[PDB]
């Protein structure tokens, strides 16, 4: 049915384009919608100015939010109570609500929906246990690729064959990219887990430190360095 619904101001923020590119959305005004989270989809409804919005109302459009991240943007230069959803495709959207409490409720509801979607995917009754398990798996994968990358870097100046060296450099950059993906997934699952346990979300500054040089260059092009743009860039690769 409906997990969460409310009136929000909404603005497209980042947009996924062909060839795995993220671009900033056009400079534009906020628009108000009745936004309703059902399953793992946000439905956006416009008011006709005289009737309410119910099950027989037809949405203007819908945003699929499976495997999304939502972040408060208290740093937003002009508006309070802004949060940002970045989806699994490389898109992101800004939303403005009415208070800190309501903002936190939207973050909780969307992450809960995402957590349920992950459980659906794995056929697990225990959503909490599954999240912790996936977290453990990601930490194991991170440990391995970190170690392989460290070995590779130490090997770079010991291999005398130029083809061999070039191969190792390629691999270092593969591992670097893998680690960006893994850290993003880990942060995301920690967001989901926190939302179910009522705990605090993982530290955004810690995640950003894992952005590689090419990813930072891309964030510079976008005009935004944040968990949301980092996520959009990573998601656009898949």
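Numbering follows the first chain given and starts at 1.
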- Task: Tell me which of 32 to 40 and 56 to 64 has the higher mean C-alpha B-factor in the deposited entry.
- Result: 56 to 64
- Note on the structure: Looking only at C-alpha temperature factors in the entry, 66 to 74 or 192 to 200, the higher average sits in 192 to 200
- Note on the structure: Per the deposited B-factor column, the C-alpha that peaks among 85, 118, 159, 138 belongs to 159
- Item | Residue with maximal Cα B-factor (values as given in the PDB entry) among 215, 226, 19, 12 | 19
- Message: Split into thirds by Cα B-factor across the chain's modelled residues, where does residue 177 land: lowest, middle or highest?
- Response: middle
- Temperature factor at the Cα of residue 25, chain-ranked in thirds, falls in the highest
- Query: If you rank the chain by CA B-factor, which third does residue 96 end up in: lowest, middle or highest?
  - Reply: lowest
- Item | CA B-factor placement of residue 3, once the chain's modelled residues are sorted into thirds | middle
- Just say lowest, middle or highest third for the CA B-factor of residue 143 relative to the other modelled residues in its chain. middle
